[PDB]
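**Q** return a 3D structure for these sequence lines:
(9 chains, ligands or ions: 1)
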Amino acid sequence: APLX
Amino acid sequence: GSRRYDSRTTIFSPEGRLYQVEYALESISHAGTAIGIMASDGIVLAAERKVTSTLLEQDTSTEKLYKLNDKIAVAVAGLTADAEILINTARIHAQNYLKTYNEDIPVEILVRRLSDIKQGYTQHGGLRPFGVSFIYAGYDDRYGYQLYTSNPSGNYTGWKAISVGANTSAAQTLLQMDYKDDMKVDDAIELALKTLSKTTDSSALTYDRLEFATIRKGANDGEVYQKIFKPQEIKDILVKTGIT
Amino acid sequence: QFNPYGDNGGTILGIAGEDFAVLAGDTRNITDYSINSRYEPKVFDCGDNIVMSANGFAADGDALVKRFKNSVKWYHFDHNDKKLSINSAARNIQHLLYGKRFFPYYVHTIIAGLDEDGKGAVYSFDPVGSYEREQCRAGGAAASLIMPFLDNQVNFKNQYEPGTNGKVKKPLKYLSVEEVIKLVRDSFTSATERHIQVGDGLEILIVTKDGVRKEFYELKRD
Amino acid sequence: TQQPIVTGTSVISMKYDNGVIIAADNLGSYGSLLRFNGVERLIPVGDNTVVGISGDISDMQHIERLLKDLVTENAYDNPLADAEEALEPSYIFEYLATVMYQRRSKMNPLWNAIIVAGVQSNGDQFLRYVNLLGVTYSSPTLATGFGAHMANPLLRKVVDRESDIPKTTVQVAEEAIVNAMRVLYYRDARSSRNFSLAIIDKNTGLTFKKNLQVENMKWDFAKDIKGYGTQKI
Amino acid sequence: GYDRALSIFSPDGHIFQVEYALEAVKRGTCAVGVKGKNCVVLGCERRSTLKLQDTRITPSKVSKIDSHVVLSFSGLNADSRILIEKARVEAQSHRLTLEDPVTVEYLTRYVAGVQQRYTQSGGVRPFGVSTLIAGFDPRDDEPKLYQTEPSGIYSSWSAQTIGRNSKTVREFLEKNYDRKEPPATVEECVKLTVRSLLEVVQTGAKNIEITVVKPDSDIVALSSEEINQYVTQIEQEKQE
Amino acid sequence: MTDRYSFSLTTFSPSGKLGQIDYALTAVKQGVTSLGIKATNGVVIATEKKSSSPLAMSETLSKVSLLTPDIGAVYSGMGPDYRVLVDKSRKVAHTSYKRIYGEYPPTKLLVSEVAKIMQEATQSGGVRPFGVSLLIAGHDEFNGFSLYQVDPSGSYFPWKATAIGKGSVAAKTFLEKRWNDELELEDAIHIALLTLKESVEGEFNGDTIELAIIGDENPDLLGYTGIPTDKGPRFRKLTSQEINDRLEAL
Amino acid sequence: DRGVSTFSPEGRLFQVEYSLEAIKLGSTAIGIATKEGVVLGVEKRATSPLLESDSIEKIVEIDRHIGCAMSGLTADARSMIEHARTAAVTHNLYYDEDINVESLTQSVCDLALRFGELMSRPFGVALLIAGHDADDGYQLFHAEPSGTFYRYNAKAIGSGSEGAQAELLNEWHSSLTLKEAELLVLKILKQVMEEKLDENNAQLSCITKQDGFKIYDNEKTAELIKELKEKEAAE
Amino acid sequence: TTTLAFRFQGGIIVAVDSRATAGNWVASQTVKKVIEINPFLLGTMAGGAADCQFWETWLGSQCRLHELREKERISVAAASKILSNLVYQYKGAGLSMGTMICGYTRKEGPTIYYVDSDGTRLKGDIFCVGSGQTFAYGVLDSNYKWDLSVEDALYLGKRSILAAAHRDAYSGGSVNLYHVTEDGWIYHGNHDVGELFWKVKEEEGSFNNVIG
Amino acid sequence: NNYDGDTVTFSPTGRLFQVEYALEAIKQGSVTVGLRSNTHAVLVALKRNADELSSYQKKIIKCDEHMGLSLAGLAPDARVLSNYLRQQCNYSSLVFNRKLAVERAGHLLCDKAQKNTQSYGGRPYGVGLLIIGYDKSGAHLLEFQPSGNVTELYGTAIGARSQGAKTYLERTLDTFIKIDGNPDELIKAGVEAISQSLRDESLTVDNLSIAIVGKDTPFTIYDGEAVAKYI
Ligand SMILES: [Mg+2]
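**A** Numbers count the residues shown, from 1 in each chain, chains lettered A, B, ... in the order given. And now the structure:
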């Protein structure tokens, strides 16, 4: 999952 | 179901009393009288045995006075078996406190937890209350010498002198009469025995129908000693104050 | 050691117009270098004018879709047959996904339909339930091939007004359904050319205020 | 967390115009040891469904018991048990698929790949696959293990898309299946010569053939092969 | 677990176990709370059929729950310990998570909630206790006084009393307390509190306790003479 | 299903009596007489083996039981209640003492544990009190010989000598006349045998009397040799023959 | 005695029926539904003049679009309100929307029969639940301890209820303005109340789509009281 | 991510970028990394996209329940401590969050709390959080004064995110800007770096490292 | 009398009085009717109100696309039982991809109710249900009583004065049983059946409630202006  | 056979031990009367507590107290009122008296330099515990048989082994016996830790003892009026359950709890509770804080448990704190246990049996669980009243005698470095009582309701109060069990009405009147604040231990010893002597339902007070204990600073310098009297020691203190 | 995940390939794509939205996906299903099926649909009508695809590990994708369809059923039972709005579906799906945060569904999820003002809407989710509304999203194996094409052709990125000295951007505008289906079909044929897990067939579900229509197209089978 | 011990190799299958064919050899391997030879890996359920299983045989036997218990349970308080409320192939499949995915989700799989072949009550052909991961799919042809690599390409030459199914007779399809089984015996080191085959036809019902053998094998050219390059005699 | 539904409804719509818990409160020693302009005073009767009491160690009737809030009660004494402990724990837990001490209203609502819970849970009887809870919210100087009872209902009072003969002293306060002009000072407020208790008590000897609570955690218990002075001073204004 | 009796079946009446304990004591009153006498070098416990039918073999029914090698028990009241108490008493000697300290519990403490069990049957939910009084005779290194009586309430008392059950009042009087602090164990056995004849109706021999002692260590009863600090059980049941030997010189 | 979950020979639950008696002893609560809003008004009934009446809280917010009034054993309502608030906020978390008033009411009513030998007795309090949602507009619900709830155009509960309900039967029509409905609640309350209605012993509230659920201050209510006397005097 | 928030004379500035990445893949350029909890409360997101989004909207629900129960808006301290006590329960499970809880109450004044998934909770005037935090710090610190005008503060916050968006590969897209005052938060727009960079380069004369 | 304290007690004539008292709440319930042909099955229910300011309590609940029921008696008990049915229908779909047989729905309800008639502390359900559905063997109507007895019928009715409708349906049998392929005619017959149970009242537009399920109709409910067609 993506991170910011 | 089983609801049919439930006495409902933890309910209020229409007057707002707890039946089972009242009836437990009624049970305790026929128990051997126990007296606590607090002096400036120590405490006395005296208690009358439930009427002896000559064949009872009286020296290796204990029915009334129990050691909780080194600084605290109790006098029992009521069901002995019920009292032992509570005594082992109290003994363990004392040790938990010591283990946790590296300091001996303050007397009130011990008394409160035992009383809190009793209280629980009157509010939840549907079990019968413990048919026991205690006189607690102990020392700690906050309040010094302290006397407390607890009863099946789990209510506790502190005293200069107090009695539990049989004939507390007569006994309390007599203590009120002769007690005075500046009293020494040895005077309190005498007061305790003289009070039992007059309130007893027996013909005359003898060594073999008694248990006796002191809590003094009467060891060596700023530290405290519990003395649970041997039969021969009671026989002597009974002579020393001229009751026999 | 037992590995509870697998990868079934394929790719999906959602585009939203002014009064419609599409959700497309190829119909190929694979494991490793083998084809399992050339036609195994993975875009679904879920009721209440919502279409949904959950692409990646098919078993997880099917479980999730099943759970959401069921969620729609109970939403009716519990709230007096009320219509489940797309924004509410999106949030519900976040909780479905995040509920398995520590043993995730290995899928990239996209749903499409109409918002409460009748405008086309596409929502996309990461595997553990992060979500966001967009005009535009590709997901799955060929996502990286198709997405930048969509940035360019749907949102007119890096495109300027000729002779304005690269100072005035190409102005944004909604696309017709005819234009959108063209971009979808080209996106998938291009993806099929360059990605081995994409091919066989293309199924498009179009969503307007009159319901859900399907269109199907053959894709290269190599 | 498991590892398969006694195992069954490929299960192959396809749809034809009136029904479905499914086959699987009668071997239970134990690593490279071909340990057991009378192993039935096709299990019929009612007279409208055959379930073919590859992978761990202890888990296959567990699944047999589930299916046989399912039949029993379906008959309970069901006066239409042998009619409108008979078990369909789609019911049997979904039940298995549900179990397979739950077991993978508990990190304790049934170490199998399963093909459920049959005919629905409305006459439709049912062919669907499920495995230890709970992955499911449908195709005109389905195979497991080496079958997926070697049978599918052969069976898809016959039925390559949906429209090819009406055009395929049971003689043609059985030929393709039987030929595919020979190839697997040539090339799969964990296959046996003996196998079972079942046809579920919407008219003739279930035909279950046991003790089939791979025949018409080409081995003669072996005599002409000398050495590995330069050797002559 | 012991399960019996002890608090149940009777045909007339009464819960007798709750109502009998109120009877236990009625039998309890009197407690009164009066709030001034800038303080709250808690007065408590102590029944005087007891000499040889040790007052150093005997549980006082007003309890600090936190350093800015006190609680007193009438009814079963053993029951009141349970509520006080729970209240004390909650006070610390509130500071831990909210980083602010409890409001008097919040703490009252909590104690009230505990009391209510015991009126519809199996295997337990209601608390035979009503409480007066008083103090000042953090960084606030407006005084607070609340009352709870066995049923769980709670509310705010300009002044209130509970326990035996509380109707006599409520009577007193109702004609002697001006909403418009509350006891403008400590001295004034303590007096009104002692007067109301003298309606019911006996001698103002070792019979009355008073605890004063001012803002910012300023709580002090008056001792015999300080109270005794108030008693002496009221009877000398009485002969008129 | 399951036990929904989680409330006490023993409660205080308005006069303060606990009915079920009183009634349990009444069951003990009905029970056959048993007694114990404490000598200077031993303790004796005895009772009548009052058989149900003469077809019954009453050696198979032991009323006097070994608890530890130095502790024995006898009872008056309800036999089945006693049997399970012995089972529980034997076990608690191990679980709550021997498995902790590597030695058997002293008499008072084992007694204390039995009392606890009996007290719990007086307050716990869904049970009645035990319908028995026990006499527990025992020896331990630091307390010597001792004799205890345990009642349905859970109360226990140390005795020089006592009796319980049917003819206890009479038997207690008999024992006051004969008991002194100089009794050698053989004298205590003799007094026990005299006291018991008063209350026995029918046959009075070594087949109808059950009698055990806590006395000297019995190496011959140990079962092994080679650890000189292990000297054998102080508990011994007298045989049918041993009793009859003492009845001719009665 | 006899089980808490027992049926009477008429086929009613004793405990539920007895809780309905407790509710009749409660202070009066009235609600009126209009197309411009829903009004909720209650009788505070201070048991003594020393008790500070603003501390009497018988009208309560559930969410911005839902309000609640109660009558009976009001301490029993704390957990019902707590459940209601959680149910409302949770729904908004799961679905990014406002929870319907009927769904809220049904959620609270599910609690009601979860008693037996779960809680030990039914609740001794009835609830008037008033709110707005986009689907069914302004709504009023009467939620009983039987688990039953009824939608109403207007409803009174508590001691003065049978008198007040008959009055509401006459006065309610499908075109009441909000201001008419406020006055009407005030009027009917003054009729059935023991002591004389003023701004300190009664309290008003409404929920409108635009500003949500608001409890009226005493200054605002006092003026509607004054406006009500001048309306009655003037004919 | 790059996010910042700083206190000053005129309240609080909050500025964040809008990029999400999965490795080197740019997953989105339009993420809303500020969550509007209530009209006086803001939360910033950095770390796991789902973790942040889920638990910060969950936080809003908890703050709403506080004000229903307590008839009062929740304090910044208490709101931040709900989140930090929540993530502390999950410590070791692998949650990934770096958040700032920003708001005004009358009892507190303007207040910022930094809260992360190791369970760290810090009150402070300036924080920058995310993979681009150091870049933002460099600009922000070297121009920060307590007395910045609201106008200058807004620009500095915006300019600091721009700095990080440029140098940090994992920050970019657009700048989102907020100002928080005694009257609540005010949104100050979405600013695409696409156009903002060139605008700032031209007007400010900075970014000379870049081919103009 | 001495034997009606709980469900776990038989009377000396072998009766269960708490179950019988549960049956009594059904009798106080507003009337509802079920009937079916070979192609459809219909529920009609008379809804009851509190007074003229109140709503009319719903008596019909959808269980699945092919199943649903009407209630008479304690409404919360119908909510519990209908919710159980929803789950059971649901489980049949997710696990077996199979629409639940109406007969099995019947057996499942019987067994659920029965448990509450043999154990201490519980209580019988205080509601009667009429279940209709269309499944693999056609249209069905079931009658559920909280004794646990479930019965399959061509038609029936329950609640106060249901004996009027139940008599009417008993004569009408040969007619309504053969109203195939005509929804509106089957409903008309149902509405007439219920009318035999009215006293001092007749069917208004916000008083009547109808539901239908069958060959190509999902279970749907008609209320308000949608039932005006039938008055
Ligand atoms: Mg390709």
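
**Q** ranges for the helices of chain D?
**A** Taking DSSP state H, the helices of chain D run over residues D:57-75, D:89-105, D:146-158, D:170-187.

**Q** turn those into JSON lines, columns for mean neighbour count and distance to chain F.
**A** The way it works is simple: take the backbone N, C-alpha and C, and place the C-beta from them, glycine included. Formatted as JSON lines, the helices of chain D follow (neighbours: other CB atoms under 10 Å in any protein chain shown; distance: least, CB to the nearest CB, whole Å):
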{"stretch": "helix D:57-75", "mean neighbour count": "15", "distance to chain F": "26"}
{"stretch": "helix D:89-105", "mean neighbour count": "21", "distance to chain F": "30"}
{"stretch": "helix D:146-158", "mean neighbour count": "20", "distance to chain F": "53"}
{"stretch": "helix D:170-187", "mean neighbour count": "18", "distance to chain F": "57"}
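
**Q** please enumerate the helices of chain C.
**A** Counting by DSSP H, the helices of chain C are C:58-78, C:86-98, C:143-153, C:177-194.

**Q** which parts of chain D sit against chain H?
**A** With the criterion set to CB under 8 Å from any CB of the partner chain, chain D never comes near chain H.

**Q** ok, now how distant is the closest residue to chain H within chain D from residue H:110?
**A** Per CB to the nearest CB, residue D:107 is where chain D lies closest to chain H, at 17.7 Å. Plainly put, residue D:107 is 50 Å away from residue H:110 if you go by CB to CB, to the nearest Å.

**Q** equivalent analysis for residue E:134, please.
**A** 35 Å.

**Q** neighbour-wise, which of the two wins?
**A** Neighbours per residue (other CB atoms under 10 Å in any protein chain shown) separate residue E:134 from residue H:110, with residue E:134 holding more: 29 against 19.

**Q** doesn't residue C:4 make contact with the residue of chain D closest to chain H?
**A** Yes. Contact between residue D:107 and residue C:4 holds when scored by CB atoms under 8 Å: they sit 6.4 Å apart.

**Q** in what helix or strand does residue E:65 lie?
**A** For residue E:65, the host element (DSSP states H and E) is strand E:63-66.

**Q** hmm, who's touching that strand?
**A** E:70-72, E:84, E:87-88, E:91-92, E:95, E:101-102, E:107, E:133, E:135, E:219 (CB atoms under 8 Å, 6 or more residues apart in numbering or on different chains).

**Q** so which residues of chain E form strands?
**A** Applying DSSP state E to chain E gives strands spanning E:31-35, E:40-45, E:63-66, E:69-75, E:129-135, E:144-148, E:154-156, E:159-162, E:208-214, E:218-221.

**Q** what does chain I give?
**A** Per DSSP E, chain I carries strands over the ranges I:32-36, I:40-46, I:60-64, I:67-73, I:127-135, I:138-144, I:150-152, I:155-158, I:208-214, I:217-222.

**Q** how about the second one as PDB, C-alpha atoms only?
**A** Included here for strand I:40-46 are C-alpha records, laid out as PDB according to Å, rounded to 0.1, in the frame of the first residue of the first chain:
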ATOM      1  CA  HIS I  40     -47.900 -16.800  -7.000                       C
ATOM      2  CA  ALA I  41     -48.400 -16.500  -3.200                       C
ATOM      3  CA  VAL I  42     -50.000 -13.500  -1.500                       C
ATOM      4  CA  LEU I  43     -49.900 -12.000   2.000                       C
ATOM      5  CA  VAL I  44     -52.600  -9.500   3.100                       C
ATOM      6  CA  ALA I  45     -52.400  -7.800   6.500                       C
ATOM      7  CA  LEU I  46     -54.600  -5.300   8.300                       C
END
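
**Q** what about the residue in chain F that chain D sits nearest to, distance to residue B:1?
**A** Chain D sits closest to residue F:1 of chain F, with a gap of 25.2 Å, by CB to the nearest CB. Applying CB to CB, the value for residue F:1 to residue B:1 is 11 Å.

**Q** could you do residue C:166 as well?
**A** Taking CB to CB as the measure, residue C:166 falls 87 Å from residue B:1.

**Q** which one of those two has more residues nearby?
**A** A count of neighbours by other CB under 10 Å puts residue B:1 above the other of residue C:166 and residue B:1, at 16 against 11.

**Q** contacts only, for the more buried one.
**A** So residue B:1 contacts F:4, I:6, I:8, I:120-121 (CB under 8 Å, 6+ apart).

**Q** buried among these? Make that a ChimeraX selection.
**A** Command for ChimeraX that selects the buried part of the contacts of residue B:1, burial taken from 16 or more other CB atoms under 10 Å in any protein chain shown:
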select /F:4 /I:6,121
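
**Q** now the contacts of residue B:1 in a markdown table, please, with extra columns for distance to residue D:173.
**A** Shown next, in a markdown table, are those (distance: CB to CB, whole Å):
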| residue | distance to residue D:173 |
| --- | --- |
| F:4 | 66 |
| I:6 | 67 |
| I:8 | 64 |
| I:120 | 64 |
| I:121 | 63 |
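
**Q** and which of the contacts of residue B:1 is nearest residue C:131?
**A** Each of the contacts of residue B:1 was checked against residue C:131 using CB to CB; the closest is residue I:121, at 46.4 Å.

**Q** my read: that closest one touches residue G:117, true?
**A** Yes. Here residue I:121 reaches residue G:117: they are 4.5 Å apart, a contact under CB under 8 Å.

**Q** now list whatever residues contact both of these two.
**A** Here residue I:121 and residue G:117 share the contacting residues G:3, G:5, scored by CB under 8 Å, 6+ apart.

**Q** and the closest residue to residue G:3 other than its chain neighbours, what does it touch?
**A** Distance criterion CB to CB, 6 or more residues apart in numbering or on different chains; nearest residue to residue G:3, sequence neighbours excluded, is residue I:6 at 5.1 Å. When contacts are counted by CB under 8 Å, 6+ apart, residue I:6 touches B:1, G:2-3, G:6, I:18, I:120.

**Q** need phi/psi at residue I:6.
**A** Per-residue torsions, residue I:6: phi -170, psi 170 (degrees, to the nearest 10).

**Q** tell me how far it lies from chain H.
**A** Computed as CB to the nearest CB, to the nearest Å, the residue I:6 to chain H distance reads 40 Å.

**Q** and residue B:223, how many neighbours?
**A** The burial count for residue B:223: 10, using other CB under 10 Å.

**Q** which residues touch residue H:154?
**A** With the criterion set at CB under 8 Å, 6+ apart, residue H:154 makes contact with H:13, H:177, H:179, H:188.

**Q** okay, helices next: where are they in chain I?
**A** I:17-27, I:75-96, I:102-115, I:162-176, I:183-195, I:225-228.

**Q** list phi and psi for residue F:194.
**A** phi -70, psi -50.
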